[PDB]
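Make a model of this:
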Amino acid sequence: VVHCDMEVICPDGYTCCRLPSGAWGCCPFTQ
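Numbering: from 1, shown residues only. The relevant structure is shown in the block below.
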């Protein structure tokens, strides 16, 4: 897993994103 930080973790198959409020979100890239 790619620990994007100590508040979220996304596996290589997923991309990490930061919310507009200092938050974190995960989104896959399978389109």
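
Residue 17 is in contact with residue 28, isn't it?
No: contact status for residue 17 versus residue 28: not in contact, 11.3 Å apart, counting by C-beta atoms under 8 Å. Bear in mind the C-beta positions are built from the backbone N, C-alpha and C, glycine included.

Show me which of those two is the more surrounded one.
Set residue 17 next to residue 28 and count neighbours by other C-beta atoms under 10 Å: residue 17 wins out with 13 against 10.

Now name the helix or strand holding the more buried one.
Secondary structure from DSSP states H and E places residue 17 in strand 14-18.

Quick check: neighbours of that strand in the sheet, parallel or antiparallel?
Paired strands of strand 14-18, with direction, are strand 24-28 (antiparallel) (DSSP bridges).

Put the alpha carbons of the strand it pairs with into PDB.
Coordinates of each C-alpha in strand 24-28 appear next as PDB, following Å, rounded to 0.1, in the frame of the first residue of the first chain:
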ATOM      1  CA  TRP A  24      -7.600  13.400   1.900                       C
ATOM      2  CA  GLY A  25      -9.500  11.300  -0.600                       C
ATOM      3  CA  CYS A  26      -8.700   8.200  -2.800                       C
ATOM      4  CA  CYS A  27      -9.600   7.800  -6.400                       C
ATOM      5  CA  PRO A  28      -8.800   4.900  -8.700                       C
END
